[PDB]
Amino acid sequence: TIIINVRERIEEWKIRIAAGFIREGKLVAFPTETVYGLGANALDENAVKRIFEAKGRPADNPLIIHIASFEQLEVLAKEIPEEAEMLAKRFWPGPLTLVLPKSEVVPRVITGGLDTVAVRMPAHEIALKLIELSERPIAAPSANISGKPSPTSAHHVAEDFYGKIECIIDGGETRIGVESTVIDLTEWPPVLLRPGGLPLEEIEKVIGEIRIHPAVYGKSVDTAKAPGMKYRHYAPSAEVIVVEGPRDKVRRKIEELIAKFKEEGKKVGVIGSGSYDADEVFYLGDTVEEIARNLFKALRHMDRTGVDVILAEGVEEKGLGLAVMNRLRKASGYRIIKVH
Ligand SMILES: C[C@@H](O)[C@H](N)C(=O)O
């Protein structure tokens with residue numbers, strides 16, 4: 003494992019070392035604006051298998067192909083609707099992933115055996131450079147062991163994968179902190195498959211209201227066209243309890259619960275915006291933008307400690323909050339206490 007630290011002035015020879023790894027069929031973990039990704043060359047069927055092996059990822063849970071040029075979209079997908087071309091122009095580079103029908107060129111291991119492919123153009127210099135210099139499209143899910151919280155720093159990637167993968171590009175902590183929004187363009191209206199770093203209200207204001215996949219609300223699925231729909235995700239070792247409702251009524255139940263669980267002989271962690279004394283505490287922030295940026299960090303911090311149970315302070319679904327609440331709920335296994 004070579005760990006390459008690149009700072010905002012990108013020493014291109016550094017990226018080239020990782021480029022080489024990609025062309026050679028090896029694994030390279032890289033930052034995006036969203037979360038750290040675990041890359042292989044998307045055109046190399048065998049390289050992509052290593053992604054699945056390394057993570058312990060079920061073969062039918064697809065990967066998202068990352069691109070740096072609009073030209074490459076035409077290469078990876080067939081029958082692209084003009085409305086997908088339009089969203090692409092408008093939101094790329096950025097935290098939006100489009101599901102489209104796939105071309106012959108795309109190996110089925112990438113798509114989890116399907117005719118659809120998921121594509122995105124990341125808003126991160128490093129990731130773009132890595133793809134440009136790599137001269138390959140890069141298949142990548144989140145750079146974490148399957149089931150576990152997503153990585154928002156090279157540290158997180160290293161705690162899961164140092165000595166197991168060829169390369170980690172350290173670009174620091176990711177700016178948004180939650181995964182890209184995934185929308186299915188194989189039907190109209192588009193279907194929200196995974197809420198994410200591009201809020202639903204940005205899409206709807208442009209194209210009107212879209213359909214929400216039941217998966218987003220907890221429906222278990224047999225076939226997934228996108229990541230983050232099938233199997234369990236984002237989850238620390240601990241049990242997680244999400245406490246939803248008005249600020250002060252929530253904070254009071256978290257006090258009740260801290261105590262009730264200590265009385266029970268358990269170490270409690272709390273993640274939220276309020277003050278609390280408990281075995282472990284992580285301050286997520288006051289804005290939802292700050293909370294999304296710290297979510298996974300906080301879940302990893304808790305996961306590196308004794309805590310038997312974590313108590314999370316919910317947020318409203320506005321903006322990034324739909325993504326944050328999607329992640330918290332799935333992590334908890336829909337273990338939800340609605341004060342209200
Ligand atoms: C790694 C990053 O690209 C992730 N798969 C996402 O879509 O957000």
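Count the sequence shown with the numbering used here and you get residues 3 to 342, in order. All residues carry an ideal CB built from backbone N, CA and C; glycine is no exception.
Between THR36 and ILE147, the C-beta spacing is not below 8 Å.
In the three-state scheme derived from DSSP, where H, G and I count as helix and E and B as strand, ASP279 is classed as coil.
Taking a 10 Å sphere around the C-beta of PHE93, we find 16 or more other C-beta atoms and assign the residue as buried.
Exposure of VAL107 is indicated by the presence of fewer than 16 other C-beta atoms within 10 angstroms of its C-beta. Around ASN328, the same chain offers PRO197 and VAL218 as residues with beta carbons nearer than 7 Å, after the five sequence neighbours per side are excluded. In the structure shown, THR36 falls within a coil segment according to DSSP collapsed to helix, strand and coil. If you draw a straight line from the Cα of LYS264 to the Cα of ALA56, it comes to about 37 Å.
Nearest to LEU195 by C-alpha distance, out of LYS91, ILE5 and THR99, is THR99. Bounds of the alpha helix (DSSP H) holding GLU161 are 156-163. When rounded, the separation of the alpha-carbon atoms in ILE212 and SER222 is 20 Å. In the structure shown, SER136 adopts helical secondary structure according to DSSP, grouped into three states.
The alpha carbon of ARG331 has as its nearest neighbour, out of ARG52, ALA129, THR188 and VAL245, the alpha carbon of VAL245. Residue range 323-334 is occupied by the alpha helix (DSSP H) that includes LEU324. Between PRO151 and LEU301 the beta-carbon gap is near 4 Å, inside 8 Å, which marks them as a contact. With a cutoff of 8 Å on beta-carbon distance, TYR278 and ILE243 are scored as not near each other. Within 7 Å of the C-beta of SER275 there is not a single heavy atom belonging to ligand 1. For the set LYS16, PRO60 and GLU26, the Cα lying nearest the Cα of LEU45 is the one of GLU26. Under the three-state reduction of DSSP output, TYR233 falls in the coil class, being neither helix nor strand. In the pairwise beta carbon analysis, the stretch 73-93 is classified as not touching the stretch 11-24: fewer than three pairs are separated by under 8 Å.
Separation of the CB atoms of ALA240 and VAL326 is rounded to 18 Å, and the pair is thereby denied contact status at 8 Å. The DSSP-derived three-state label of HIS68 is strand. A residue is called buried when at least 16 other Cβ atoms come within 10 angstroms of its Cβ; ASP250 does not meet this threshold and is exposed.
Between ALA314 and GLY276, the CB-CB gap reaches or exceeds 8 Å.
In this structure, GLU204 has its CB at a distance of at least 7 Å from all heavy atoms of ligand 1. Taken through DSSP and simplified to helix, strand or coil, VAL252 comes out as helix.
Scanning the stretch 41-113 from its first residue to its last, the whole alpha helix (DSSP H) runs of 4-plus residues come out as 47-57, 73-78, 84-93 and 110-113. Its chain contains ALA70 as the residues whose beta carbon lies nearer than 7 Å to that of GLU134, once the 5 sequence neighbours on both sides are disregarded; these appear in chain order. Within the same chain, Cβ atoms closer than 8 Å to the Cβ of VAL50 are found at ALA42, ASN43, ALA44, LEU65, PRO109, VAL111, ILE112 and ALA141, the five residues on either side in sequence being excluded. At a cut-off of 7 Å, the beta-carbon of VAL37 counts as near ligand 1: some heavy atom of the ligand is closer than that. It is roughly 5 Å from the alpha-carbon of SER105 to the alpha-carbon of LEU78. Taking the Cα positions, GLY321 is about 8 Å away from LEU200. In this structure, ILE6 sits near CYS169, with a CB-CB distance shorter than 8 Å. Between ligand 1 and the CB of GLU10, the shortest heavy atom gap is not smaller than 7 Å. In this structure, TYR38 places its C-beta atom within 8 Å of the C-beta atom of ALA156. Assigned with DSSP and collapsed to three states, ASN146 falls in coil, not helix or strand.
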